[PDB]
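Quick heads-up: it's one chain on its own, the form deposited in one PDB entry, in structure tokens.
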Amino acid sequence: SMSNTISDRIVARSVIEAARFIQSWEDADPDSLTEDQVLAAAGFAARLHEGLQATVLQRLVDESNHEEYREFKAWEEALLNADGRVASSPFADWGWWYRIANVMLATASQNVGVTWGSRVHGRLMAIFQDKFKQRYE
């Protein structure tokens, strides 16, 4: 398939934060971010986090849709590896926040055609470590 419906649904309910992040980080130097670039990244990640947590906890999914249900379960697995039911490692590779950083990279790719890499992604993860350590126990 050529779709990522869960990401589209969450980004589509996060457009103000998404636009603020993309526009703030346009020519950003991840090695020397401004306070406003940090805040725009944290604000978008927090909005994505809120929507994704709601989708997982409330089971906002069609379990009969083979693709959507599997992709939901990957988000659910990431949440369980953050909230202690399976593990308490929210910042592990390919875990909850790593996947949110990936959605933020996707947002830039699909809106303005820019492809960020490790320097941006690692800086996002460091911001999340600084700001969101208390979002899980």
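Quick note: we count residues from 1 along the sequence shown, nothing fancier.
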Mean temperature factor over C-alpha atoms, higher-scoring stretch between 67-75 and 82-90: 82-90
2-10 or 127-135, whichever carries the higher mean Cα B-factor: 127-135
CA B-factor placement of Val112, once the chain's modelled residues are sorted into thirds: highest
B-factor third for the C-alpha atom of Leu33 within its chain: highest
Where the record places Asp27 (Cα B-factor, split into thirds across the chain): highest
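Separately, the form deposited with a partner chain bound exists; it is not shown, and the next lines address it.
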Its partner chain contact in the bound PDB entry: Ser118, any heavy atom under 4.5 Å: yes
Partner proximity in the bound PDB entry: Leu33 to its partner chain, non-hydrogen atom cutoff 4.5 Å: no
4.5 angstroms heavy atom contact with its partner chain in the bound PDB entry for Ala126: no
Contact label in the bound PDB entry: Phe91 to its partner chain, heavy atom within 4.5 Å: no
